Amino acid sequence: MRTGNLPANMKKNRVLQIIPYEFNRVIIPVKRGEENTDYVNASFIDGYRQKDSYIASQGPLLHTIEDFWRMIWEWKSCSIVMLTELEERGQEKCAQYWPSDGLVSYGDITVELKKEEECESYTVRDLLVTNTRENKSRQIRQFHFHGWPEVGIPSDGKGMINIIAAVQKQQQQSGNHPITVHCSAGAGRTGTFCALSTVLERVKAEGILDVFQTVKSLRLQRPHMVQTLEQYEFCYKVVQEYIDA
């Protein structure tokens, strides 16, 4: 049933249980020849009164980061939220799908400098993406969250709020385009953010907080959105701290 469970797409996944359903899997144009180059472990996620507001994704691999950027380019995303550090191991938890200052090129896409101001619990990164059938790109701002522990689940709900507050705002002029959220598998930490994003918008636009029917919607769209059932209580924990300010 699932295209991600194809022998050709096996390697392209970081976690076996977390694969995108075929109804909302994010598709890319096939490359060079035909066959198997339209797959990326990612899926569109609805938000508060917005169909497909996010792209719940797994952190790339470089034997796959180009499919990560192609994904990003094809779907006009100007916001990248990374909820992890490249390392807590077994392996490369993710990226450096962005430059350590050089001008890294991934096939037809080129990313570049400008990106470094360090906020409280996250570093903001302004990149300049360009294709090869040319078009420089939407000063793609990358929000790297560092306020998330390698073990347990965060302290006080801020950082995530001053960061969620950062993402929803840049998305204004950027053209209200999908936000790429990703951790390592793109379910627990990615699903929480998405969940927190949604519930936080309904609250300040309807005063209601469906922190469950919501997490409920998230599941039906991607395996285990909001796994460890404490990271969640955290959703409610952060859903309280926002009301008191």
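Numbers follow the displayed sequence, beginning with 1.
As the entry records it, the average C-alpha temperature factor is higher for 89-97, out of 121-129 and 89-97. In this entry, the higher average B-factor at the C-alpha atoms falls on 131-139, of the pair 167-175 and 131-139.
The PDB entry assigns its highest CA temperature factor, among 84, 77, 155, 110, to 155. In the PDB entry, residue 239 places in the middle third of its chain by CA B-factor. The PDB entry assigns residue 206 a C-alpha temperature factor belonging to the middle third of its chain's modelled residues. Ranked by Cα temperature factor within the chain, residue 213 sits in the middle third according to the deposited record. Sorting the modelled residues of the chain by their CA temperature factor places residue 23 in the lowest third. Residue 57: CA B factor in the lowest third of modelled residues in this chain (values from the PDB entry).
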